[PDB]
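Residue numbers (the deposited numbering), protein chains in the order written: chain B, 1 to 443, 456 to 571; chain C, 1 to 443, 456 to 571; chain A, 1 to 443, 456 to 571. Presented below is the structure to which this report refers.
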Amino acid sequence: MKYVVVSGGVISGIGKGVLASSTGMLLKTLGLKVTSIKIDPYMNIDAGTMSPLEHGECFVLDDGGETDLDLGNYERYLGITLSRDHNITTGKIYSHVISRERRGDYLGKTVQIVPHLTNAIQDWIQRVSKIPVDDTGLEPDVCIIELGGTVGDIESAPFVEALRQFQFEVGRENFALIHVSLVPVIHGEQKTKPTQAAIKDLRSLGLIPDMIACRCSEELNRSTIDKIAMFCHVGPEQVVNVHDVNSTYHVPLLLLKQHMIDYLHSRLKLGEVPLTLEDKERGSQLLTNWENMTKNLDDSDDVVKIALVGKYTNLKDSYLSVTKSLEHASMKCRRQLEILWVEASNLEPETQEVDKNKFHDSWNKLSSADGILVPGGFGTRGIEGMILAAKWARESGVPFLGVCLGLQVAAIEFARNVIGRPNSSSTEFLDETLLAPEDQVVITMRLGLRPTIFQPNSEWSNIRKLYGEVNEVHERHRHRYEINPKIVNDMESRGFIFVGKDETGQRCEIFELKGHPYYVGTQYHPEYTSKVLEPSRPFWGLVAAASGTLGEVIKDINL
Amino acid sequence: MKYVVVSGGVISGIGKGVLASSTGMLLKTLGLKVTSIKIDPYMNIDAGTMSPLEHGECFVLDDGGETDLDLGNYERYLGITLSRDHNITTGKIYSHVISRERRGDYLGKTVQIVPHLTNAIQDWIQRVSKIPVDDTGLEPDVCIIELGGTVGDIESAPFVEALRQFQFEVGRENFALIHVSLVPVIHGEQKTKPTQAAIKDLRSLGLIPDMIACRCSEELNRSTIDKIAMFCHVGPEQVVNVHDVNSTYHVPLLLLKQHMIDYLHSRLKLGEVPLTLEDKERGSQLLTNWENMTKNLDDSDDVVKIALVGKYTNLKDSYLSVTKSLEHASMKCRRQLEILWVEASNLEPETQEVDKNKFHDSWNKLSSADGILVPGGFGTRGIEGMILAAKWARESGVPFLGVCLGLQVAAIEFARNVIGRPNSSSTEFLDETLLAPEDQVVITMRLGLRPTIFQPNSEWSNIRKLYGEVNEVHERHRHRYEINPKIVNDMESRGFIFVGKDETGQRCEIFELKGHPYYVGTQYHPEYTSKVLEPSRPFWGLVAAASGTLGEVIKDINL
Amino acid sequence: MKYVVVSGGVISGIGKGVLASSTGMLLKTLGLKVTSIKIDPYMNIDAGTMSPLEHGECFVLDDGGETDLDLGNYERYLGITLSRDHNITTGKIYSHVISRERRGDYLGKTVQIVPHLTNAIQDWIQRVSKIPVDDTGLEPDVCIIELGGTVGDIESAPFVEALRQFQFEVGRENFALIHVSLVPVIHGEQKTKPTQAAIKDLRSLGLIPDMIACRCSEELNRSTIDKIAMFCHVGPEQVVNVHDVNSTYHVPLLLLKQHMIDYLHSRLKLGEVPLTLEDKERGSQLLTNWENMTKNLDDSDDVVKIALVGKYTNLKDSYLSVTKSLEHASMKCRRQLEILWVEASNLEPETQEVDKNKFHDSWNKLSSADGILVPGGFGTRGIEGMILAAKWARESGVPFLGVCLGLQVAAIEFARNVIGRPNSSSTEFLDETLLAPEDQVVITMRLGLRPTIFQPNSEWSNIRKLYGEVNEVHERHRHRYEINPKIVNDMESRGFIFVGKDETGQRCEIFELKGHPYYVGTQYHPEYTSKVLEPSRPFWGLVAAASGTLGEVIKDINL
Ligand SMILES: Nc1ccn([C@@H]2O[C@H](COP(=O)(O)OP(=O)(O)OP(=O)(O)O)[C@@H](O)[C@H]2O)c(=O)n1
Ligand SMILES: Nc1ccn([C@@H]2O[C@H](COP(=O)(O)OP(=O)(O)OP(=O)(O)O)[C@@H](O)[C@H]2O)c(=O)n1
Ligand SMILES: Nc1ccn([C@@H]2O[C@H](COP(=O)(O)OP(=O)(O)OP(=O)(O)O)[C@@H](O)[C@H]2O)c(=O)n1
Ligand SMILES: Nc1ccn([C@@H]2O[C@H](COP(=O)(O)OP(=O)(O)OP(=O)(O)O)[C@@H](O)[C@H]2O)c(=O)n1
Ligand SMILES: Nc1ccn([C@@H]2O[C@H](COP(=O)(O)OP(=O)(O)OP(=O)(O)O)[C@@H](O)[C@H]2O)c(=O)n1
Ligand SMILES: Nc1ccn([C@@H]2O[C@H](COP(=O)(O)OP(=O)(O)OP(=O)(O)O)[C@@H](O)[C@H]2O)c(=O)n1
Ligand SMILES: [Mg+2]
Ligand SMILES: [Mg+2]
Ligand SMILES: [Mg+2]
Ligand SMILES: [Mg+2]
Ligand SMILES: [Mg+2]
Ligand SMILES: [Mg+2]
């Protein structure tokens, strides 16, 4: 086993999550079975209690574990599947050892937070890094630990102590620390004193740093690096600069130009880890897929405009997984992406009574879009705008994907505007009216990776061509409310055909509309399973249809 | 006595010197006899050893004390005269107490740096703040101490201890601390953790802060101030923001909008200091002169271009006092200033053999200028360019001021190009040739405020009109080399008339050329004596002649 | 080259000087040419200005450098000769670099205390550790640096930074840090939190510790060591305990039982240093001399009582070198030592008018003594008591040594009480009387190691037998006042024979009285040249005469 801990910061907004998700990617190019752990200093047990307004979207794992965003960034960069244990939190570990007290397992000793709770952290990291994460049950070679918060805090405090002991309870040369740090620029001069005042605290809290990964606004001066290597004890080759480049998928290749694999190969003796040619050649091939997709980003010019239609579009992190899946689908089509933020409530005609500028800008963005996405919203208060965009996408022939709530407004749209029931309703919203035309029903939660089976006649469905025509699809779910299955025999007659269903047959999970270029609902969330080299099939479908050449993508899949 | 200490910083480049020079200005509007002290953590005794390349120009005081730049900023903002004791340094105080050891004055005790050296600091600040600084020998009401370096360093260390004792050895309510601090902005969010990691160190080193003067890139958010007032113990009204505004002469009036006089009047009980109406009404009148000159800057549009002709123009701080004196002269003329940086060596014809672009850009800037300045350079290696600009200024009639070396190249120019001795030379440069046409001689140093007497016939001289026709002028000097007095009887015959001389008659200190709109040499430095409401008379002459209306300025002076 | 820095402390009184003087002794048993450096955070240039009341005696080096006590402890433990450069001080290094500024050697840069002054420290330690110190001009293999003050102070601050850079400017594995630390005991429990709050500061200031040398009141518990090895990163074998044992000459052998040579041999790779058999066998022989002299201390029982007669005897550190030389002489005679503190002014008959108890206790202690010492006092105010003890020692036949002032009161005693001039006087005291019987004269200072030549007839003198009958003696001096050489021809006739003189013949440096068992004056200081295995010959003479068997010691010397 080996560990690399990514850590530090003068400030908590500094962006450690790319250097974690990008260090682990570079180590996966050596062919190593890499894994990752997030530490979050917040008290939440797991993210399911905190709304998407409050620091971004509610992620989903194979377990159903509603979790921190930063798990998702490692899953999509590293190709790995994570579990709800990979998110260490102050909530979890304190709830764990305090529940263990009432169980009695410390034999009625004191449960001081030094010794015993820092021992539970060091045990949890050693459990979790041995859980398998790739397509086979082989245990990881290297674990990337992202230490949330900063080193020099009061929510960080048990973790930085636990990791001082863990620098020895796992031997040095099986552990390395990467310290992210701030180097401000003021009046044209690079200021390395915030960094030198977090190297003092790092040595004090007891870890010793290996890298000094500065988030400067610039290239670091040769004299700036020379002084950081005088005040921190690292050699000047190790003072990596992580400055902005044309997209975040380039960041691994900047770190590779900055020798970071050659340093980590030495500093953790990675030549002593046992690897097969099936490991190593997969490693060096994955490097060439990353060099190819970044070269394709560097000279892709032909734009594709996708309208993302929903509430809270000013909080873009409320959709981080939706955005990132369109970026994967974009780079695979070799069309450059623009996403058009349509704040759905502005499409509703009553907006014309409040501000006409909002009513025109939103319908302008929607009309300009080469493809349309209803992105699995939350709450109900924007729903009429999401219905109008689904009417537009059906009648104007524009490519369409409905995710989760998106499948459900598509059934509501089709009921109101093709089946001809204008009172038909989201039972998710208009409940205590008790009306008969209910497009949905509550069936109290359903979460995690679940099996979707294709219905028998489905051969013609573009969505089934995009899934490689395989009879079953494994994808991640969230929904309380599902389509009322007593309308399905009507929709099945009117050309709205339910391509895919749950294994009991009673629950509807995919539809495709007959006789449209690409119009799909998926009631699972296709966002979360997308990887940077394997875009999620419904999202690859959307960005292909909107680019043209949907047929040529269907060959690239099925060959 | 009262003290305000201006201090702090996450980073040393943060710009405390304006908040010091601008806090003391606001207190002078209450009519208080304000003084100021600079602390510089460097080991230099005094600045005379360190070249103008190395952190800016070599200042001069009335004593001849070659000193830190930051004395100058208080002198010109506050109208005060300082002495070489007002610059506390690590060099000075350690040289003082270690020389005092060999003298024996600690009675053969140990001279630990705690107790005894921190007692010498607390004694020095109490000596120095009682030295008089205004036009009358009245001792100061309030002293502004600017603590150089940062609070949380190893060159700062005896000063922050000395000032912890000084918070009591002078009572609280006779002392206040203003902590300047950094609040970075990253991804659009204001980051108050560098500030909260210098409030921790401040409390630790033992001073307690009063103000939290942030150097953010923005207006501070109401929520940013509320959190800084939660982690520092100041109330939110006291978290002053010191953001950029149209010129640094506005900064006092931003601090006045941010209640800083109303706070300091309370927090130091300044109503208990005895003031006359001659103090108070001078105070409130000086406020209206500052409101008037800042209002004049806000709608002055008519440009005046002054060529500053010399070496090292890329190091603008090598001329900070020259620049600032032109800004005072500008605002008094009500013309907006552009200074044209002419790197003098580019005017020399040999530059045409090296790069024609440099030869044209430099002569273009010089030809475009409404007035010309030879700014008292250092060394000799650009001198031929400074001679060509003096030839141009004489023959093309353009307004001219030569400061120090500027008077001397004007005599060399006039000798080569009007008297007709083309071999005549700077004895400052071409020494061991031993030639007879020496325009200068060494007479080993001459420094500080000295008396210049006008020669008898001088009545017609525009420079004597600008000095109010008063028979003697008191101004600050630096020169090893002076005009060879055996050429003067020739220049006096050719219309180059030496308007002013030293009290012995043997040394030449001012000239004005007959029959030119404004062409002056001054061998003293007129820069250093300029105040923000009293621009230095030769520099007011230059910016007036270049603006036109030199006659109207001569009425504004003599009425 | 190799360095071991001895450092640290929660408190400054903790006793680092034995662990320094005893680590270097253990390394000298490997045969290495060891040297040592003292750092003193005080501002004194050198100790000559600070009186023996103020933190102990005024030491003397071969240079004449009046220096810190702690040089002496290394000289006598390690056999080495030091120079006044081996005492780094805050006074010296700041006086050095600030004098270097007025000389100009930083080329007119800023002389910040970071970079430039910490570079002067790192240069000074690298100069000084290459100066030779043994009987041949071979440069040292290992240097012990004793860091005075504590790590976590403001007088320490440039040294701990300089030593962070010096951990790299000399490579790791050529440097090691030993951190002395406090482990209090309260209510019967060992408290390792003062230690854990100086390991935090050590890591912060940037050095990393190797040893954790606790000054507990007890043996450290196995659980106390296990927790210190959990919070500091050292392994539990390295947490040395330095508790009290029967004399400080045992301390090296406790550290040798605690593996400290086996650890330092590994941690500095001391097997790679080139050694001859003449080095190594001298090393292992010196170990057996230390095992022998400590075994002799463990079962020596026969007491010898030496009266030390002088002022300020309550300040025993005012005589630290005098005490330590008697301990060497004691262990060489194999008699256990008691020193009788005679506060000399109490022997004066006027004390009988003030307190009879003082008059009896002091004469009781003097009468009880097996031998008598006048220990080179300072000032004059106790002199009549020192004369009465010299009268007693001459007439009652008791063994006597006069050091410096001791030789001079012996001449004054002999003049008043054998030559018969009762008005004869110390010209050091009774000056402006201008009397003719002056026993002394001023000849303005005379310091350092000087050559003493024996006068021709001297063969019979016990002092010349103790010096091995060698014609010249090299020993360290301090005296303004010396015996008036115009009395010598009288004393030479009366049996007070001047055995030794300065090379000019004009100055008198040793006498021995004819026809007494052992009665010696030495006007040099014999204390400072004594080593733990080579006691100073006059002091070996005194403790031998007082033990009996002075003849048997004269064989042990001359064989
Ligand atoms: N490989 C990555 C990593 C991060 N991000 C972006 O980074 C964001 C949030 O910043 P991040 O780098 O994850 O760190 P912070 O949120 O600043 O938090 P912390 O510094 O506490 O880890 C999201 O907007 C996401 O789009 C990204 O686009 N690609
Ligand atoms: N740990 C440190 C670093 C620097 N200094 C001193 O503080 C002065 C001012 O600090 P600065 O020169 O700004 O050093 P930097 O570390 O570069 O600060 P910044 O990065 O903000 O420019 C330096 O000249 C130096 O003498 C200090 O006392 N302690
Ligand atoms: N009233 C003021 C104060 C400062 N400056 C400008 O500020 C400069 C240098 O910055 P300063 O504010 O004096 O502080 P720093 O040099 O950053 O140093 P420190 O923060 O260590 O005090 C010069 O360029 C000067 O033109 C100015 O124009 N007007
Ligand atoms: N002294 C502090 C301040 C904050 N926190 C914790 O650290 C987390 C991340 O710090 P941050 O939210 O960034 O707080 P700020 O002080 O604003 O940091 P910055 O100014 O850099 O944004 C906070 O949610 C809080 O729980 C802490 O442990 N100790
Ligand atoms: N080998 C040694 C070392 C020290 N001492 C005794 O130790 C004394 C002073 O304490 P020391 O151990 O030298 O250290 P401190 O004075 O406590 O100072 P510091 O801890 O600052 O080094 C003297 O009384 C001296 O007799 C000794 O007898 N033998
Ligand atoms: N660095 C540390 C060490 C201990 N503790 C906590 O503080 C409690 C009380 O400290 P103590 O048990 O006394 O630990 P020691 O380090 O042994 O303190 P001392 O040596 O003074 O007994 C411990 O139970 C532990 O939970 C802590 O918070 N931080
Ligand atoms: Mg925050
Ligand atoms: Mg993050
Ligand atoms: Mg700097
Ligand atoms: Mg400044
Ligand atoms: Mg003390
Ligand atoms: Mg000591």
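Even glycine gets a Cβ: it sits at the ideal position worked out from N, Cα and C.
Check, Outcome
"Contact list for the region 3 to 17 of chain B against chain A, Cβ threshold 8 Å", "none"
"Buried or exposed by the 16-neighbour rule on C-beta atoms within 10 Å, applied to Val-34 (chain C)", "buried"
"Close-in-space but distant-in-sequence residues of the same chain around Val-251 (chain A) (CB under 6 Å, 5 per side omitted)", "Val-18 and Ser-22"
"C-beta neighbour in chain B for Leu-182 (chain C), strict 8 Å", "yes"
"is_contact[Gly-206 (chain A), chain B] using C-beta, thresh 8 Å", "yes"
"Reference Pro-529 (chain B); option with closest CA among B:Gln-535, B:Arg-421, B:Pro-399 and B:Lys-498", "B:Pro-399"
"Close beta carbons around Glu-155 (chain A), own chain, < 7 Å, minus the five adjacent residues each side", "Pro-41, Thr-90 and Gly-149"
"Members of the region 188 to 213 of chain B that neighbour chain C once the beta carbon cut-off is set at 7 Å", "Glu-189, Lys-191, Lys-193, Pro-194 and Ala-197"
"Limits of the alpha helix (DSSP H) - the one that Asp-40 (chain B) falls within", "Per DSSP, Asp-40 (chain B) belongs to no alpha helix (DSSP H); it is in the beta strand (DSSP E), 34 to 40."
"Cβ neighbours of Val-183 (chain C) in the same chain (closer than 6 Å, five flanking residues each side left out)", "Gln-190, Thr-192, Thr-195, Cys-214 and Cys-216"
"Closer than 8 Å to chain A by CB, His-233 (chain B)", "yes"
"Contact belief for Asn-423 (chain A) with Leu-405 (chain A) at Cβ below 8 Å, rounded distance in angstroms", "In fact, because the Cβ distance is near 20 Å, the residues do not count as touching under 8 Å."
"Closest residue to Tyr-74 (chain A) among A:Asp-105, A:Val-10, A:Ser-7 and A:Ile-144 (Cα-Cα distance)", "A:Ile-144"
"Bridge partner(s) assigned by DSSP for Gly-371 (chain B)", "B:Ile-306"
"Per DSSP, cross-strand counterpart(s) of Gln-440 (chain A)", "A:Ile-495"
"Proximity test, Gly-64 (chain A) beta-carbon vs ligand 12 heavy atom, cut-off 7 Å", "no"
"Proximity test, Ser-156 (chain B) beta-carbon vs ligand 4 heavy atom, cut-off 7 Å", "yes"
"Proximity below 8 Å, CB of residue 592 (chain A) to CB of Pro-550 (chain A)", "Coverage of chain A is limited to positions 1 through 571, which leaves residue 592 (chain A) absent and any answer about it impossible."
"Beta carbon proximity, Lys-311 (chain A) to chain C, threshold 8 Å", "no"
"In chain order, each alpha helix (DSSP H) run of at least 4 residues that lies wholly inside the region 56 to 83 of chain A", "69 to 78"
"Check: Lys-16 (chain C) C-beta below 7 Å from any heavy atom of ligand 3", "yes"
"Contained beta strand (DSSP E) runs [length at least 3] in the region 306 to 373 of chain B, N- to C-terminal order", "336 to 343"
"Counterpart residues of residue 581 (chain A) in DSSP-defined beta bridges", "Nothing can be reported for residue 581 (chain A): it is not among the residues displayed for chain A, which extend from 1 to 571."
"Contact test: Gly-206 (chain C) Cβ vs ligand 1 heavy atom, cutoff 7 Å", "no"
"Contacting residues, own chain, Cβ-Cβ under 7 Å from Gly-376 (chain C) (five flanking each side not counted)", "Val-403, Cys-404, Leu-405, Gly-406 and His-537"
"Backbone CA spacing between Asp-68 (chain C) and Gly-31 (chain C) [nearest angstrom]", "27 Å"
"Within-8 Å CB hit, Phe-168 (chain B) to chain A", "yes"
"For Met-230 (chain A), the three-state DSSP class (helix, strand or coil)", "helix"
"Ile-465 (chain A) versus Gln-535 (chain A): straight-line alpha-carbon distance, rounded", "13 Å"
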